[PDB]
Structure formats: structure tokens, C-alpha cells
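Source file: query-v2.pdb; contents: PDB, C-alpha atoms and all ligand atoms.
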```pdb
ATOM      1  CA  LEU P   1      41.971   8.299  45.305
ATOM      2  CA  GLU P   2      39.412   7.279  47.925
ATOM      3  CA  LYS P   3      41.032   9.264  50.743
ATOM      4  CA  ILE P   4      40.988  12.655  49.009
ATOM      5  CA  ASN P   5      37.482  11.973  47.699
ATOM      6  CA  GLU P   6      36.288  11.376  51.261
ATOM      7  CA  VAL P   7      38.115  14.442  52.605
ATOM      8  CA  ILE P   8      36.401  16.751  50.122
ATOM      9  CA  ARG P   9      32.954  15.208  50.616
ATOM     10  CA  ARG P  10      33.299  15.482  54.399
ATOM     11  CA  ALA P  11      34.399  19.096  53.913
ATOM     12  CA  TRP P  12      31.405  19.991  51.738
ATOM     13  CA  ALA P  13      29.094  18.365  54.293
ATOM     14  CA  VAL P  14      30.083  20.726  57.137
ATOM     15  CA  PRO P  15      27.108  23.088  57.607
ATOM     16  CA  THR P  16      27.979  26.766  57.164
ATOM     17  CA  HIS P  17      31.753  26.216  57.014
ATOM     18  CA  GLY P  18      31.687  23.679  54.171
ATOM     19  CA  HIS P  19      31.650  26.340  51.457
ATOM     20  CA  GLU P  20      34.970  27.808  52.586
ATOM     21  CA  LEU P  21      36.542  24.417  53.359
ATOM     22  CA  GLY P  22      35.585  22.899  50.009
ATOM     23  CA  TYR P  23      36.634  26.050  48.154
ATOM     24  CA  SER P  24      40.095  25.873  49.738
ATOM     25  CA  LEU P  25      40.580  22.130  49.222
ATOM     26  CA  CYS P  26      39.533  22.404  45.576
ATOM     27  CA  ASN P  27      41.990  25.255  45.032
ATOM     28  CA  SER P  28      44.685  23.133  46.677
ATOM     29  CA  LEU P  29      43.914  20.279  44.278
ATOM     30  CA  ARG P  30      44.513  22.657  41.369
ATOM     31  CA  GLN P  31      47.645  24.315  42.754
ATOM     32  CA  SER P  32      49.260  20.990  43.700
ATOM     33  CA  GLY P  33      48.821  19.645  40.164
ATOM     34  CA  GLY P  34      46.184  17.163  41.304
ATOM     35  CA  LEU P  35      43.505  18.611  39.038
ATOM     36  CA  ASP P  36      45.770  18.299  35.995
ATOM     37  CA  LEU P  37      46.482  14.689  36.973
ATOM     38  CA  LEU P  38      42.756  13.947  37.297
ATOM     39  CA  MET P  39      42.116  15.306  33.807
ATOM     40  CA  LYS P  40      44.952  13.200  32.397
ATOM     41  CA  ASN P  41      43.682  10.080  34.181
ATOM     42  CA  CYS P  42      40.076  10.616  33.067
ATOM     43  CA  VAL P  43      40.953   9.166  29.631
ATOM     44  CA  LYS P  44      42.649   6.067  31.078
ATOM     45  CA  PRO P  45      39.966   3.326  31.144
ATOM     46  CA  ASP P  46      41.118   1.848  34.469
ATOM     47  CA  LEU P  47      41.194   5.258  36.188
ATOM     48  CA  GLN P  48      38.200   6.916  34.497
ATOM     49  CA  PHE P  49      35.491   6.392  37.102
ATOM     50  CA  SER P  50      37.584   7.127  40.192
ATOM     51  CA  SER P  51      38.912  10.243  38.457
ATOM     52  CA  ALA P  52      35.405  11.290  37.408
ATOM     53  CA  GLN P  53      34.064  10.598  40.902
ATOM     54  CA  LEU P  54      36.468  13.154  42.381
ATOM     55  CA  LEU P  55      36.157  15.677  39.533
ATOM     56  CA  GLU P  56      32.402  15.878  40.108
ATOM     57  CA  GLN P  57      33.045  17.167  43.648
ATOM     58  CA  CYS P  58      35.763  19.711  42.765
ATOM     59  CA  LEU P  59      34.245  21.672  39.847
ATOM     60  CA  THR P  60      34.095  24.945  41.730
ATOM     61  CA  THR P  61      34.140  28.277  39.903
ATOM     62  CA  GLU P  62      37.934  28.459  39.696
ATOM     63  CA  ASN P  63      38.344  24.781  38.788
ATOM     64  CA  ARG P  64      35.698  25.095  36.072
ATOM     65  CA  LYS P  65      37.882  27.793  34.513
ATOM     66  CA  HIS P  66      40.944  25.559  34.838
ATOM     67  CA  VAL P  67      39.166  22.685  33.094
ATOM     68  CA  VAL P  68      37.896  24.956  30.311
ATOM     69  CA  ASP P  69      41.438  26.222  29.696
ATOM     70  CA  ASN P  70      43.310  22.893  29.963
ATOM     71  CA  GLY P  71      41.063  19.972  28.999
ATOM     72  CA  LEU P  72      37.340  20.476  28.532
ATOM     73  CA  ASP P  73      37.093  17.825  25.807
ATOM     74  CA  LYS P  74      38.534  15.139  28.095
ATOM     75  CA  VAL P  75      36.229  15.947  31.008
ATOM     76  CA  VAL P  76      33.121  16.087  28.823
ATOM     77  CA  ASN P  77      34.041  12.694  27.375
ATOM     78  CA  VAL P  78      34.480  10.968  30.735
ATOM     79  CA  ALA P  79      31.116  12.411  31.786
ATOM     80  CA  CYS P  80      29.530  10.944  28.649
ATOM     81  CA  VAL P  81      31.283   7.609  29.247
ATOM     82  CA  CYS P  82      29.746   7.558  32.730
ATOM     83  CA  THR P  83      26.213   8.063  31.380
ATOM     84  CA  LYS P  84      26.547   4.961  29.168
ATOM     85  CA  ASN P  85      27.638   2.681  32.019
ATOM     86  CA  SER P  86      25.071   0.264  33.432
ATOM     87  CA  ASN P  87      25.774   1.452  36.999
ATOM     88  CA  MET P  88      23.676   4.218  38.539
ATOM     89  CA  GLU P  89      26.732   5.289  40.540
ATOM     90  CA  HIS P  90      28.299   6.178  37.182
ATOM     91  CA  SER P  91      25.252   7.956  35.744
ATOM     92  CA  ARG P  92      25.058  10.211  38.797
ATOM     93  CA  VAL P  93      28.737  11.116  38.405
ATOM     94  CA  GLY P  94      28.476  11.859  34.687
ATOM     95  CA  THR P  95      25.364  14.009  34.961
ATOM     96  CA  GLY P  96      26.894  15.803  37.942
ATOM     97  CA  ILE P  97      30.005  16.716  35.965
ATOM     98  CA  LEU P  98      27.906  18.027  33.077
ATOM     99  CA  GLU P  99      25.738  19.973  35.541
ATOM    100  CA  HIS P 100      28.783  21.901  36.733
ATOM    101  CA  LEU P 101      30.347  22.418  33.293
ATOM    102  CA  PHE P 102      27.220  24.425  32.381
ATOM    103  CA  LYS P 103      28.180  27.069  34.978
ATOM    104  CA  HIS P 104      31.110  28.768  33.226
ATOM    105  CA  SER P 105      30.174  30.872  30.180
ATOM    106  CA  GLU P 106      28.079  31.078  27.032
ATOM    107  CA  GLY P 107      30.961  29.806  24.911
ATOM    108  CA  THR P 108      31.610  26.861  27.215
ATOM    109  CA  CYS P 109      27.925  25.921  27.091
ATOM    110  CA  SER P 110      28.257  25.855  23.294
ATOM    111  CA  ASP P 111      31.326  23.610  23.465
ATOM    112  CA  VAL P 112      29.685  21.188  25.912
ATOM    113  CA  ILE P 113      26.676  20.932  23.585
ATOM    114  CA  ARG P 114      28.980  20.485  20.590
ATOM    115  CA  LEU P 115      30.800  17.632  22.351
ATOM    116  CA  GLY P 116      27.514  15.894  23.216
ATOM    117  CA  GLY P 117      27.065  16.938  26.842
ATOM    118  CA  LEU P 118      23.490  18.117  26.374
ATOM    119  CA  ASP P 119      22.607  14.917  24.502
ATOM    120  CA  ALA P 120      23.837  12.957  27.533
ATOM    121  CA  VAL P 121      21.845  15.055  30.013
ATOM    122  CA  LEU P 122      18.635  14.710  27.999
ATOM    123  CA  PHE P 123      19.214  10.959  27.679
ATOM    124  CA  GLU P 124      19.382  10.701  31.474
ATOM    125  CA  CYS P 125      16.191  12.758  31.860
ATOM    126  CA  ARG P 126      14.297   9.517  31.121
ATOM    127  CA  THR P 127      15.817   7.661  34.087
ATOM    128  CA  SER P 128      13.958   7.025  37.338
ATOM    129  CA  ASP P 129      16.957   7.551  39.642
ATOM    130  CA  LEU P 130      16.263  10.575  41.837
ATOM    131  CA  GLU P 131      19.886  11.680  42.259
ATOM    132  CA  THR P 132      20.455  11.519  38.494
ATOM    133  CA  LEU P 133      17.280  13.474  37.740
ATOM    134  CA  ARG P 134      18.269  16.106  40.299
ATOM    135  CA  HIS P 135      21.565  16.534  38.440
ATOM    136  CA  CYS P 136      19.657  16.748  35.142
ATOM    137  CA  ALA P 137      17.250  19.433  36.344
ATOM    138  CA  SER P 138      20.109  21.454  37.852
ATOM    139  CA  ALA P 139      22.133  21.096  34.647
ATOM    140  CA  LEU P 140      19.270  22.467  32.547
ATOM    141  CA  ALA P 141      18.799  25.371  34.964
ATOM    142  CA  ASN P 142      22.507  26.195  34.714
ATOM    143  CA  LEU P 143      22.423  25.963  30.915
ATOM    144  CA  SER P 144      19.419  28.305  30.846
ATOM    145  CA  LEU P 145      21.274  30.804  33.051
ATOM    146  CA  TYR P 146      24.683  30.583  31.359
ATOM    147  CA  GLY P 147      23.836  29.616  27.776
ATOM    148  CA  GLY P 148      22.924  33.050  26.454
ATOM    149  CA  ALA P 149      20.880  33.802  23.371
ATOM    150  CA  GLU P 150      23.364  31.923  21.178
ATOM    151  CA  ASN P 151      22.424  28.661  22.937
ATOM    152  CA  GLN P 152      18.699  29.368  23.260
ATOM    153  CA  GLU P 153      17.968  28.385  19.649
ATOM    154  CA  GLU P 154      19.755  25.075  20.231
ATOM    155  CA  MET P 155      17.613  24.400  23.298
ATOM    156  CA  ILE P 156      14.498  25.200  21.250
ATOM    157  CA  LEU P 157      15.596  22.955  18.374
ATOM    158  CA  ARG P 158      16.257  20.118  20.829
ATOM    159  CA  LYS P 159      12.909  20.795  22.563
ATOM    160  CA  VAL P 160      14.551  21.379  25.949
ATOM    161  CA  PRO P 161      11.313  23.004  27.229
ATOM    162  CA  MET P 162       9.539  19.729  26.426
ATOM    163  CA  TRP P 163      12.083  17.841  28.547
ATOM    164  CA  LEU P 164      11.773  20.314  31.431
ATOM    165  CA  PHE P 165       7.996  20.152  31.868
ATOM    166  CA  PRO P 166       7.929  16.501  33.075
ATOM    167  CA  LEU P 167      10.658  17.421  35.565
ATOM    168  CA  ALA P 168       8.680  20.431  36.801
ATOM    169  CA  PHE P 169       5.754  18.130  37.650
ATOM    170  CA  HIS P 170       7.987  15.624  39.465
ATOM    171  CA  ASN P 171       6.981  15.108  43.091
ATOM    172  CA  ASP P 172      10.558  15.517  44.352
ATOM    173  CA  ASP P 173      11.022  19.100  45.519
ATOM    174  CA  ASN P 174      14.602  19.406  44.272
ATOM    175  CA  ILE P 175      13.798  18.121  40.779
ATOM    176  CA  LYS P 176      10.702  20.332  40.608
ATOM    177  CA  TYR P 177      12.503  23.392  41.974
ATOM    178  CA  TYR P 178      15.391  23.499  39.513
ATOM    179  CA  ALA P 179      13.183  22.533  36.575
ATOM    180  CA  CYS P 180      10.952  25.486  37.492
ATOM    181  CA  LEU P 181      14.006  27.749  37.793
ATOM    182  CA  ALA P 182      15.084  26.769  34.280
ATOM    183  CA  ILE P 183      11.556  27.440  33.017
ATOM    184  CA  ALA P 184      11.426  30.794  34.816
ATOM    185  CA  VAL P 185      14.702  31.772  33.137
ATOM    186  CA  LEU P 186      13.640  30.553  29.687
ATOM    187  CA  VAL P 187      10.327  32.447  29.633
ATOM    188  CA  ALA P 188      12.349  35.608  28.974
ATOM    189  CA  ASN P 189      12.650  34.121  25.462
ATOM    190  CA  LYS P 190       9.292  34.937  23.885
ATOM    191  CA  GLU P 191       9.570  31.970  21.513
ATOM    192  CA  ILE P 192       9.771  29.720  24.582
ATOM    193  CA  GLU P 193       7.180  31.699  26.562
ATOM    194  CA  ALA P 194       4.209  30.397  24.566
ATOM    195  CA  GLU P 195       5.213  26.776  25.140
ATOM    196  CA  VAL P 196       5.731  27.497  28.851
ATOM    197  CA  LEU P 197       2.388  29.274  29.270
ATOM    198  CA  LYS P 198       0.749  26.378  27.416
ATOM    199  CA  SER P 199       2.274  23.877  29.849
ATOM    200  CA  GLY P 200       1.098  25.644  33.003
ATOM    201  CA  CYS P 201       4.301  24.780  34.871
ATOM    202  CA  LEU P 202       4.495  28.343  36.193
ATOM    203  CA  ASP P 203       1.353  27.559  38.218
ATOM    204  CA  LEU P 204       3.587  25.319  40.367
ATOM    205  CA  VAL P 205       5.600  28.256  41.740
ATOM    206  CA  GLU P 206       3.025  29.826  44.059
ATOM    207  CA  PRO P 207       2.196  26.536  45.862
ATOM    208  CA  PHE P 208       5.908  25.778  46.251
ATOM    209  CA  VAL P 209       7.185  29.099  47.601
ATOM    210  CA  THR P 210       4.273  29.483  50.034
ATOM    211  CA  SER P 211       4.577  25.900  51.347
ATOM    212  CA  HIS P 212       8.390  25.782  51.695
ATOM    213  CA  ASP P 213      10.398  27.700  54.257
ATOM    214  CA  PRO P 214      13.482  29.032  52.407
ATOM    215  CA  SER P 215      15.842  28.160  55.272
ATOM    216  CA  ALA P 216      14.480  24.629  55.686
ATOM    217  CA  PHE P 217      14.648  24.040  51.927
ATOM    218  CA  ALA P 218      18.287  25.169  52.013
ATOM    219  CA  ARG P 219      18.925  22.125  54.240
ATOM    220  CA  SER P 220      16.920  19.715  52.057
ATOM    221  CA  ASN P 221      19.939  18.734  49.930
ATOM    222  CA  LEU P 222      23.611  18.608  50.903
ATOM    223  CA  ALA P 223      24.529  19.297  47.265
ATOM    224  CA  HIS P 224      23.149  22.851  47.593
ATOM    225  CA  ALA P 225      23.420  23.512  51.339
ATOM    226  CA  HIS P 226      25.868  26.348  50.587
ATOM    227  CA  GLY P 227      23.789  27.963  47.851
ATOM    228  CA  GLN P 228      25.015  29.040  44.436
ATOM    229  CA  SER P 229      28.071  31.006  43.344
ATOM    230  CA  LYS P 230      28.021  34.786  43.015
ATOM    231  CA  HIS P 231      28.306  34.393  39.237
ATOM    232  CA  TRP P 232      25.323  32.032  39.193
ATOM    233  CA  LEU P 233      23.336  34.543  41.258
ATOM    234  CA  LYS P 234      24.523  37.462  39.114
ATOM    235  CA  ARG P 235      22.831  35.761  36.160
ATOM    236  CA  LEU P 236      19.625  35.212  38.165
ATOM    237  CA  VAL P 237      19.235  38.894  39.148
ATOM    238  CA  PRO P 238      17.468  39.774  35.856
ATOM    239  CA  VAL P 239      14.671  37.331  36.727
ATOM    240  CA  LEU P 240      13.760  39.471  39.753
ATOM    241  CA  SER P 241      12.324  41.900  37.161
ATOM    242  CA  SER P 242      10.937  39.235  34.831
ATOM    243  CA  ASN P 243       7.885  39.685  32.624
ATOM    244  CA  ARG P 244       6.067  36.822  34.366
ATOM    245  CA  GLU P 245       4.952  37.371  37.957
ATOM    246  CA  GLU P 246       5.551  33.677  38.665
ATOM    247  CA  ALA P 247       9.197  33.995  37.615
ATOM    248  CA  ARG P 248       9.763  37.025  39.847
ATOM    249  CA  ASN P 249       8.268  35.075  42.760
ATOM    250  CA  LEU P 250      10.631  32.123  42.338
ATOM    251  CA  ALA P 251      13.677  34.367  41.908
ATOM    252  CA  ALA P 252      12.652  36.332  45.005
ATOM    253  CA  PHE P 253      12.231  33.081  46.941
ATOM    254  CA  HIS P 254      15.670  31.907  45.844
ATOM    255  CA  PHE P 255      17.432  35.127  46.850
ATOM    256  CA  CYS P 256      15.697  34.923  50.232
ATOM    257  CA  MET P 257      17.077  31.401  50.653
ATOM    258  CA  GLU P 258      20.517  32.533  49.459
ATOM    259  CA  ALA P 259      20.473  35.534  51.803
ATOM    260  CA  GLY P 260      19.988  33.201  54.756
ATOM    261  CA  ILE P 261      22.740  30.874  53.542
ATOM    262  CA  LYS P 262      25.212  33.691  52.888
ATOM    263  CA  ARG P 263      24.367  35.356  56.208
ATOM    264  CA  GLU P 264      25.436  32.231  58.099
ATOM    265  CA  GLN P 265      28.608  32.116  55.983
ATOM    266  CA  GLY P 266      29.365  35.803  56.504
ATOM    267  CA  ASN P 267      29.356  36.299  52.724
ATOM    268  CA  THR P 268      26.472  38.753  52.282
ATOM    269  CA  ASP P 269      28.947  41.109  50.562
ATOM    270  CA  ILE P 270      28.467  39.224  47.274
ATOM    271  CA  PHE P 271      24.963  40.635  46.827
ATOM    272  CA  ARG P 272      26.359  44.175  46.633
ATOM    273  CA  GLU P 273      29.010  43.132  44.103
ATOM    274  CA  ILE P 274      26.507  41.456  41.756
ATOM    275  CA  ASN P 275      24.286  44.556  42.051
ATOM    276  CA  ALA P 276      21.411  42.628  43.633
ATOM    277  CA  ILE P 277      20.590  45.060  46.464
ATOM    278  CA  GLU P 278      18.896  47.660  44.263
ATOM    279  CA  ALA P 279      17.124  44.868  42.377
ATOM    280  CA  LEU P 280      15.875  43.476  45.699
ATOM    281  CA  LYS P 281      14.873  46.907  47.030
ATOM    282  CA  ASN P 282      12.887  47.371  43.818
ATOM    283  CA  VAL P 283      11.022  44.159  44.655
ATOM    284  CA  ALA P 284      10.772  44.921  48.386
ATOM    285  CA  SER P 285       8.486  47.915  47.722
ATOM    286  CA  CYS P 286       6.554  46.580  44.710
ATOM    287  CA  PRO P 287       2.849  45.682  45.020
ATOM    288  CA  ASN P 288       3.515  41.956  44.414
ATOM    289  CA  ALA P 289       3.020  40.764  47.986
ATOM    290  CA  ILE P 290       4.675  37.364  47.510
ATOM    291  CA  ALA P 291       7.857  38.552  45.799
ATOM    292  CA  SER P 292       7.936  41.670  47.983
ATOM    293  CA  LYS P 293       7.979  39.774  51.283
ATOM    294  CA  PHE P 294      10.703  37.405  50.063
ATOM    295  CA  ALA P 295      12.856  40.311  48.871
ATOM    296  CA  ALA P 296      12.343  42.198  52.144
ATOM    297  CA  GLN P 297      13.300  39.117  54.165
ATOM    298  CA  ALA P 298      16.394  38.773  51.971
ATOM    299  CA  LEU P 299      17.491  42.353  52.663
ATOM    300  CA  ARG P 300      17.032  41.851  56.407
ATOM    301  CA  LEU P 301      19.163  38.695  56.282
ATOM    302  CA  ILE P 302      21.828  40.489  54.244
ATOM    303  CA  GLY P 303      21.716  43.096  57.014
TER     304      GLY P 303
HETATM  305  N1  LIG C 401      27.220  24.529  46.478
HETATM  306  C1  LIG C 401      27.055  23.554  47.347
HETATM  307  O1  LIG C 401      26.217  23.600  48.255
HETATM  308  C2  LIG C 401      27.921  22.336  47.199
HETATM  309  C3  LIG C 401      27.832  21.291  48.110
HETATM  310  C4  LIG C 401      28.630  20.172  47.959
HETATM  311  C5  LIG C 401      29.508  20.104  46.908
HETATM  312  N2  LIG C 401      29.585  21.129  46.032
HETATM  313  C6  LIG C 401      30.544  21.023  44.888
HETATM  314  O2  LIG C 401      30.869  22.314  44.447
HETATM  315  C7  LIG C 401      31.022  22.325  43.009
HETATM  316  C8  LIG C 401      30.079  23.328  42.399
HETATM  317  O3  LIG C 401      30.455  24.661  42.814
HETATM  318  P1  LIG C 401      29.249  25.714  43.127
HETATM  319  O4  LIG C 401      28.234  24.949  43.985
HETATM  320  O5  LIG C 401      29.867  26.827  43.977
HETATM  321  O6  LIG C 401      28.665  26.205  41.844
HETATM  322  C9  LIG C 401      30.789  20.883  42.549
HETATM  323  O7  LIG C 401      32.021  20.182  42.418
HETATM  324  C10 LIG C 401      29.938  20.303  43.681
HETATM  325  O8  LIG C 401      30.077  18.894  43.813
HETATM  326  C11 LIG C 401      28.818  22.222  46.155
HETATM  327 NA    NA C 402      30.075  26.432  47.860
HETATM  328 NA    NA C 403      19.995  22.424  50.318
END
```
Hey, can you dump this file as C-alpha cells for me?
Amino acid sequence: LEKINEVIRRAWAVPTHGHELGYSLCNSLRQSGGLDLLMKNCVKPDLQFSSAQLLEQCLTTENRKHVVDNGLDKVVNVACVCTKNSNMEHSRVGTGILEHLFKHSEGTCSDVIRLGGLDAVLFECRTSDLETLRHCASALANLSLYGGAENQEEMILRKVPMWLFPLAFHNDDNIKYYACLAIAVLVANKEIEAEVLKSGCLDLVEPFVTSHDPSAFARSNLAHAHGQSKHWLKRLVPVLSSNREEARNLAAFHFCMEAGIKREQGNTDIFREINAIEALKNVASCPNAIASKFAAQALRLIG
């Protein structure tokens, strides 16, 4: 339905308030039975794209759980269908859906891979469309954060690091940023560390974080103007104490950006719940000047 699709997009677009408005509208879609209807219509050829178009915008934390419990196979399939359509409007929708389905759990990451979702993302990594590539880089970051060790062998077998490096060197800041985040998360796997160190992608972090204001970057893309979920950030906390100094810097930069976003929402309480305060205080007093200043700024913004 075009009217609901426009309501939710307009809601997400509201600076500051959009997080709470979109959250509520997406919960309403589930409670009214609309989400179940979308999932049933996403296998009907005439209704697939319109259904997928709306699904891509409503895969919040609680709706991701609903999809996993009631019809993951159907939603993964419509996403794959969209990546094989000649229209770039479709490819963006399909990769966007897959991007969000990688933000639920280790087991769900395994099922999405099993059903071909990762194959579709990697296929689209060879496109030139910026929006699609942004979805791809974000999807691989999410998979790196949520996949767990059980999915790290599969990424190695499929040479996911190889696919990430060209995205890390992309000139677009959003493609580069989330490709680097995925790399910074994957270097915790020593098998992947050697390939990362060989690539030199981690050398891109220091120029980026020192040349980008966290707040301004938070406004660079409507798709992430409200930051990430608490469960996404919970999984990023371990990178604040990563082996690689470059990874700690990027994680510290991100939490500084998120602190500013959550401050303007009034949601700084999430950092205490995910046990990020003590991790940030640890960084705020460490000798790493770059990560230390970002972590200190974050704590001030949390208040
Ligand atoms: N997090 C944001 O800044 C933002 C902005 C616009 C839409 N959305 C929608 O939210 C869902 C993803 O939820 P999270 O961003 O909370 O992980 C997707 O359906 C996406 O289209 C998120
Ligand atoms: Na949000
Ligand atoms: Na943004």
C-alpha cells in the first residue's frame, strides 16, 4: 500500500523523533495483523514488490523477531527475487531486506545464508548503484556482528573479506564506513586478521575518524540518522577493547556518534543496559589519544 509506505518513510525521516515514531508505527503494523499480511503477500507475484518495499522499512528489532518466528523463508525469498529483477528500485529493496535480517541472531544468520541471502548480497556487491552498495556494506557489517563463530567459517570459505576490501576503498563515506566496521569486527578472528592486515584497509580508519565530525556524519544518511539498536551496539562493545588499535578507534568513533544521537532522543539509558559505560570509561583514560577523546566525548554526551 502506497499510503502506509509513505507514512512510515515520512515518520523515519523526522530528525530526532523519527526513531520513536517509526518504532511505534512498525509495532502497530505487527499488532494489527498487517505484518502477517505482508509476509503472506510477499509470495504472490503481483504483490511481491509492493510488499517487499514496505517490509524493508519495517524490519525493526521486534518485527525482525516476528518474521523469524512466522515466515523467514518467505521474506528471504522475496528479497532474493528482488535482487534478480532488472530494476535498481528492486535491487535496493532486496538488499535492504537482507541487511536487516542479519540483525537478529547467530542462528538466523545461518538460516539466511542457508536460504541464499548471503549469495544475493555478494552478487549485488558487484553493482555500481550507490544505494545498493550501501545496503551491501551494512549487511556484511551486521552479519559480522551477529553471525558468531559458527558463521565465521562460512564467511571465510566464501571469501567475504575479499568482497569487503573493495567496499572499504570506495569513495562513498557510507560504503567505506560500514565496510570498515565489518573489517574491524572480523579482525578478532585471527584467521581473518592476516588477510585484513595484508589488505591495509585498517589504514583507512585514522583518516576517516579525524576528518569526519561524528554528529555531521550522523546526518549524512537518513537510513542511519537514528543510529543502531541497543542490541547492535551491545555486540559492538567488545570492539572497544579490540586487539587492533585501528578497530578500537572506529568503535570509539561510532559510540561517540551514537551518544550524540541517543542524547537528542533522550535514550542514553541504553548504554548502561548494554554495559558500555565501563567499556567507554576504560577507553576514556587509556593512552590511545584518538580512541580516548572519542570515548570521553561519548560519556559527556551520555551525561
Ligand atoms: N535506524 C535508522 O536510522 C533508520 C532510519 C530509517 C528507517 N529505518 C528502518 O528501521 C529498520 C531497522 O531497524 P534498526 O535501524 O533499529 O536496526 C529498517 O526497516 C529500516 O528501514 C531505520
Ligand atoms: Na530507529
Ligand atoms: Na546518518
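Here atom CA of residue P:4 stands at a distance of 19.9 Å from atom CA of residue P:79.
Closest approach to residue P:48 among P:74, P:176, P:263, P:293 is made by P:74 (distances from only C-alpha atoms).
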Residues near residue P:41, cut-off 9 Å, all atoms listed in the file, skip fewer than 5 positions along chain, as a list in words: residues 36, 46, 47, 48, 51 and 52 of chain P
Residue neighbourhood residue P:179, 7 Å, all atoms listed in the file, exclusion window fewer than 3 positions, as an MDAnalysis selection string: chainID P and resid 137 141 164 167:168 175:176 182:183
Given 10 Å and all atoms listed in the file, residues near ligand NA 403 (chain C) as a list in words: residues 174, 214, 215, 216, 217, 218, 219, 220, 221, 222, 223, 224, 225, 226, 227, 257 and 261 of chain P
Please produce a file of the residues just selected, as a PDB file, in the frame of the given file, where the atoms kept are C-alpha atoms.
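Result went into part_22.pdb, see below:
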```pdb
ATOM      1  CA  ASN P 174      14.602  19.406  44.272  1.00  0.00           C
ATOM      2  CA  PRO P 214      13.482  29.032  52.407  1.00  0.00           C
ATOM      3  CA  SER P 215      15.842  28.160  55.272  1.00  0.00           C
ATOM      4  CA  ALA P 216      14.480  24.629  55.686  1.00  0.00           C
ATOM      5  CA  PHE P 217      14.648  24.040  51.927  1.00  0.00           C
ATOM      6  CA  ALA P 218      18.287  25.169  52.013  1.00  0.00           C
ATOM      7  CA  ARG P 219      18.925  22.125  54.240  1.00  0.00           C
ATOM      8  CA  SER P 220      16.920  19.715  52.057  1.00  0.00           C
ATOM      9  CA  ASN P 221      19.939  18.734  49.930  1.00  0.00           C
ATOM     10  CA  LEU P 222      23.611  18.608  50.903  1.00  0.00           C
ATOM     11  CA  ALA P 223      24.529  19.297  47.265  1.00  0.00           C
ATOM     12  CA  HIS P 224      23.149  22.851  47.593  1.00  0.00           C
ATOM     13  CA  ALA P 225      23.420  23.512  51.339  1.00  0.00           C
ATOM     14  CA  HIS P 226      25.868  26.348  50.587  1.00  0.00           C
ATOM     15  CA  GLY P 227      23.789  27.963  47.851  1.00  0.00           C
ATOM     16  CA  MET P 257      17.077  31.401  50.653  1.00  0.00           C
ATOM     17  CA  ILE P 261      22.740  30.874  53.542  1.00  0.00           C
TER      18      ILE P 261
END
```
Cut-off 8 Å, all atoms listed in the file, neighbours of ligand NA 402 (chain C) as JSON, numbers by chain: {"P": [12, 18, 19, 20, 22, 23, 60, 224, 226, 227, 228, 229]}
Answer key for the PyMOL selection byres (((chain P and resi 56) around 9) and not hetatm), residues as a ChimeraX atom specification: /P:51-55,57-59,93-98,100
Explicit residues for the PyMOL selection byres (((chain P and resi 269-281) around 7) and not hetatm) (as a list in words):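 Selected by the PyMOL selection byres (((chain P and resi 269-281) around 7) and not hetatm) in this file: residues 230, 234, 237, 240, 267, 268, 282, 283, 284, 285 and 295 of chain P.
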Just write the chosen residues, C-alpha atoms, as a CSV table (one decimal), in the coordinates of the input.
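In the end it all went to selection30.csv:
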```csv
chain,number,residue,atom,x,y,z
P,230,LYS,CA,28.0,34.8,43.0
P,234,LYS,CA,24.5,37.5,39.1
P,237,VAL,CA,19.2,38.9,39.1
P,240,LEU,CA,13.8,39.5,39.8
P,267,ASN,CA,29.4,36.3,52.7
P,268,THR,CA,26.5,38.8,52.3
P,282,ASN,CA,12.9,47.4,43.8
P,283,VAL,CA,11.0,44.2,44.7
P,284,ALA,CA,10.8,44.9,48.4
P,285,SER,CA,8.5,47.9,47.7
P,295,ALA,CA,12.9,40.3,48.9
```
Nearest candidate to ligand LIG 401 (chain C) (options P:26, P:302, P:72, P:7; using all atoms listed in the file):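 Of the candidates, the smallest distance to ligand LIG 401 (chain C) is held by P:26.
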Contact residues around stretch 117-120 of chain P with only C-alpha atoms at 12 Å, ignoring same-chain residues under 2 positions, as a ChimeraX atom specification: /P:72-85,91-92,94-102,108-115,122-127,132,135-137,139-140,142-144,147,151,154-155,158-160,163
Which centre and which edge lengths, in Å to one decimal, describe the axis-aligned box that holds all listed atoms of ligand LIG 401 (chain C) after 6 Å is added on each side, as AutoDock Vina command-line options?
```
--center_x 29.1 --center_y 22.9 --center_z 45.0 --size_x 17.8 --size_y 19.9 --size_z 18.4
```
Would you please take stretch 171-184 of chain P of the structure in the block above and write N, CA and C atoms to a file as a short mmCIF file (atom, residue, chain, number, x, y, z; two decimals), in the first residue's frame?
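Written file, part.cif:
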```cif
data_model
loop_
_atom_site.label_atom_id
_atom_site.label_comp_id
_atom_site.auth_asym_id
_atom_site.auth_seq_id
_atom_site.Cartn_x
_atom_site.Cartn_y
_atom_site.Cartn_z
N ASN P 171 34.90 5.39 -2.52
CA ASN P 171 34.99 6.80 -2.17
C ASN P 171 33.78 7.28 -1.37
N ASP P 172 32.65 6.58 -1.47
CA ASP P 172 31.48 6.96 -0.70
C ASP P 172 31.69 6.67 0.78
N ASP P 173 31.43 7.67 1.63
CA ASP P 173 31.76 7.54 3.04
C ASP P 173 30.90 6.49 3.74
N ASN P 174 29.66 6.31 3.30
CA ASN P 174 28.80 5.32 3.95
C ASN P 174 29.18 3.90 3.56
N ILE P 175 29.52 3.67 2.29
CA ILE P 175 30.03 2.36 1.89
C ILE P 175 31.32 2.06 2.63
N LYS P 176 32.28 2.99 2.57
CA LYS P 176 33.56 2.80 3.24
C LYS P 176 33.37 2.53 4.73
N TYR P 177 32.52 3.32 5.38
CA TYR P 177 32.40 3.25 6.84
C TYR P 177 31.95 1.87 7.29
N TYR P 178 30.87 1.36 6.70
CA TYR P 178 30.33 0.09 7.17
C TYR P 178 31.16 -1.09 6.70
N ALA P 179 31.83 -0.97 5.56
CA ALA P 179 32.81 -1.99 5.19
C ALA P 179 33.95 -2.04 6.21
N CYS P 180 34.42 -0.87 6.65
CA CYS P 180 35.49 -0.83 7.65
C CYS P 180 35.01 -1.37 8.99
N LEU P 181 33.75 -1.10 9.35
CA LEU P 181 33.20 -1.65 10.58
C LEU P 181 33.18 -3.17 10.53
N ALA P 182 32.73 -3.74 9.41
CA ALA P 182 32.76 -5.19 9.26
C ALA P 182 34.17 -5.72 9.41
N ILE P 183 35.13 -5.07 8.75
CA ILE P 183 36.53 -5.49 8.84
C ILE P 183 37.02 -5.40 10.27
N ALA P 184 36.70 -4.30 10.95
CA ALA P 184 37.15 -4.13 12.33
C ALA P 184 36.56 -5.19 13.25
#
```
